[PDB]
């Protein structure tokens, strides 16, 4: 019952998307007010934590799911999120190491920004699947 699943986890994803949106919001303010690595690195951890909840969900869906189209989709998005989360850790490191560096911070910011985009598109594709199933 792929549809049962997708709806269940889409709903799970959705409960945690609030906290992620908050973590990311907090991240962006710290960066905008020029906070030191002590601070924004902390916020990075929170952002990486919340978003990793989605990678796990995607992995489960990659395991259960009976439809092979649905396994291909969610494996892709889970893998792709983890890459972004690595990018976030790397560029965050670089931000701290070079602090204060407006440009190194921007790289870090762009990576978080793409993270928001991919988790969005991921939730969206979860929904589009579960709907293809009627």
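Numbering follows the first chain given and starts at 1.
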Of 61 to 69 and 86 to 94, the one with larger mean CA B-factor = 61 to 69
Ranked C-alpha temperature factor of residue 119 among modelled chain residues, by third = lowest
ask   = What third of the chain, by the recorded C-alpha B-factor, contains residue 13?
value = middle
request  = Divide the modelled residues of the chain into thirds by Cα B-factor and specify which third, lowest, middle or highest, holds residue 126.
outcome  = highest
request  = Would you mind checking where the Cα B-factor of residue 34 ranks among the modelled residues of its chain, as the lowest, middle or highest third?
outcome  = highest
request  = Place residue 78 in the lowest, middle or highest third of its chain's C-alpha B-factors, as listed in the PDB entry.
outcome  = lowest
